[PDB]
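Undergrad: Pasting a structure below so you can have a look.
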Amino acid sequence: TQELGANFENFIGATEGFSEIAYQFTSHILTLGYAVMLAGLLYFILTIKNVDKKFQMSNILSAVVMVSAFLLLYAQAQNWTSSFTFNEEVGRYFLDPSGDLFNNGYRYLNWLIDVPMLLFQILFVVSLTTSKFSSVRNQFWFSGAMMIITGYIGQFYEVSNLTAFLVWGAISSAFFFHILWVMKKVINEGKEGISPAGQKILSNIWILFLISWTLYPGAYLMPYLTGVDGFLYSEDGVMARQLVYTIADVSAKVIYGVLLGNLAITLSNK
Ligand SMILES: *C/C=C(C)/C=C/C=C(C)/C=C/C1=C(C)CCCC1(C)C
Ligand code: NA
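The sequence shown lines up with residues 2 to 6, 8 to 270, 272 to 273 when you count with PDB author numbering.
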């Protein structure tokens with residue numbers, strides 16, 4: 002009974019350990035993660051004036067998302083490098099008992115904060131038609147919260163009880179699907195009576211949103227996408243997971259933000 006190695011990162015780090023390659027790669031990707039968020043922060047601050055007053059709440063929410071993301075992805079970065087330490091004897095990086103162990107808490111918290119704000123911010127750029135601001139807002143915020151919370155629970159049982167890991171994953175996925183359903187409704191109403199240039203950008207937003215957000219359940223499941231014998235159940239699934247999460251974060255926060263800025267600007272022409 003391995004006791005030291008909560009989550010799969012730890013488990014691997016206690017038993018098999020991490021190649022130089024895996025350790026350093028994961029380090030660097032996480033660093034890139036928070037690097038980009040800091041660049042994002044400056045971008046959204048610096049360009050706030052490029053959109054009409056009435057859209058600026060979207061730029062604001064982007065900046066604030068960037069602040070949270072910088073701070074917590076930085077935390078996550080340092081958490082990674084501190085949780086694992088080199089052993090000359092075996093020539094790999096192993097879970098360090100004198101460190102704090104790898105904690106998903108940082109990222110998941112980032113999600114809890116950022117998800118409501120990301121979902122909200124589009125509603126300051128598009129107009130609804132038949133739907134009510136408050137209804138969409140409440141739907142987003144609730145489902146957003148539930149999705150992240152259920153997932154956070156699930157994540158605990160990842161080593162100890164896969165069956166629960168997945169059932170919580172599934173529950174979370176149900177909330178995810180509702181968010182997709184609502185966001186699609188929003189984008190369609192947002193398209194009504196704007197210029198075709200604006201409808202084009204909204205189309206791209208939908209696709210970015212759909213893809214980027216779907217990366218998350220991917221990275222969650224990543225280590226088990228090959229069986230318990232198979233190839234991803236390894237420091238490789240760890241590498242993959244942290245790569246996909248990072249890609250997702252950048253796309254769903256920074257790029258999403260950029261596109262909305264671009265949408266606002268076209269609405270700022273007709
Ligand atoms: C900026 C961060 C964002 C937009 C995070 C989004 C996170 C999710 C959409 C997570 C979704 C999950 C599932 C749908 C199933 C597995 C558990 C989660 C939380 C990873
Ligand atoms: Na170390």
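No residue lacks a Cβ here, since even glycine has one placed at the ideal position from N, Cα and C.
Ligand 2 heavy atoms versus the CB of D98: any closer than 8 Å?
TA: yes
Undergrad: Would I207 and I189 be called neighbours here (beta carbons separated by less than 9 Å)?
TA: yes
Undergrad: Rounded to whole angstroms, how far is the Cβ of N112 from the Cβ of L63, which I believe are closer than 8 Å?
TA: Taking the Cβ atoms as the reference, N112 lies roughly 15 Å from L63, outside the contact range of under 8 Å.
Undergrad: Taking a contact to mean a Cβ-Cβ separation below 9 Å, would you say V128 touches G263 in this structure?
TA: The Cβ atoms of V128 and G263 do not sit closer than 9 Å to each other.
Undergrad: Please name the residue in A77, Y110, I124, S205 whose C-alpha comes closest to that of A221.
TA: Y110
Undergrad: Sorry if obvious, but does the Cβ on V230 come closer than 8 Å to a heavy atom of ligand 1?
TA: Taken from the Cβ of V230, every heavy atom of ligand 1 lies 8 Å or farther away.
Undergrad: Between the stretch 133-149 and the stretch 32-42, can you find at least three pairs of beta-carbon atoms closer than 8 Å?
TA: no
Undergrad: Nearest CA to the CA of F144: which residue from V169, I115, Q157, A250?
TA: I115
Undergrad: Quick check on the DSSP output: what are the complete beta strand (DSSP E) runs of length 3 or more inside the stretch 144-197, in order along the chain?
TA: Listed in chain order, the beta strand (DSSP E) runs fully inside the stretch 144-197 amount to none, counting runs of at least 3 residues.
Undergrad: Would you report the Cα separation of residue 7 and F167, rounded to the nearest angstrom?
TA: Coordinates for residue 7 are absent, as the chain skips straight from 6 to 8.
Undergrad: If you check the beta carbons only, do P225 and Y218 fall under 9 Å apart?
TA: no
Undergrad: In angstroms with no decimal places, state the Cα-to-Cα distance between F10 and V69.
TA: 28 Å
Undergrad: Is the beta carbon of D238 sitting closer than 9 Å to the one on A24?
TA: yes
Undergrad: Do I181 and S214 come within 9 Å of each other at the CB atom, strictly closer than that value?
TA: no
Undergrad: Enumerate, from N- to C-terminal direction, the unbroken alpha helix (DSSP H) stretches of 4 or more residues contained entirely within the stretch 86-124.
TA: Counting whole runs of 4 or more residues, the stretch 86-124 contains the alpha helix (DSSP H) stretches 107-123.
Undergrad: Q141 to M119, Cα distance in whole Å?
TA: 13 Å
Undergrad: Could you please give me the residues that DSSP links to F20 through a beta bridge?
TA: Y95
Undergrad: Beta carbon of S21: closer than 8 Å to some heavy atom of ligand 2?
TA: no
Undergrad: Quick test of your reading: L73 and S85, contact by CB under 8 Å. State the CB separation rounded to the nearest angstrom.
TA: Contact doesn't hold; Cβ gap of about 19 Å is too wide.
Undergrad: Contact check, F122 vs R139 under 8 Å by CB: the rounded distance?
TA: Between the beta-carbon of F122 and that of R139 there is about 6 Å, and that keeps the pair under the 8 Å contact cut.
Undergrad: Look at the alpha carbon of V240 and the alpha carbon of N105, and state the distance between them as a whole number of angstroms.
TA: 13 Å
Undergrad: Where do the ends of the alpha helix (DSSP H) carrying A254 lie?
TA: Run containing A254: none; DSSP gives neither H nor E here.
Undergrad: Ligand 1 and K193: does the residue's C-beta get closer than 8 Å to at least one heavy atom of that ligand?
TA: False, no ligand heavy atom lies under 8 Å from that Cβ.
Undergrad: At a threshold of 8 Å, does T87 count as lining ligand 2 (C-beta to nearest heavy atom)?
TA: Yes; taking the cut-off as 8 Å, the Cβ of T87 has a heavy atom of ligand 2 nearer than that.
Undergrad: Which residue's Cα is closest to the Cα of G107: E18, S100, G153?
TA: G153
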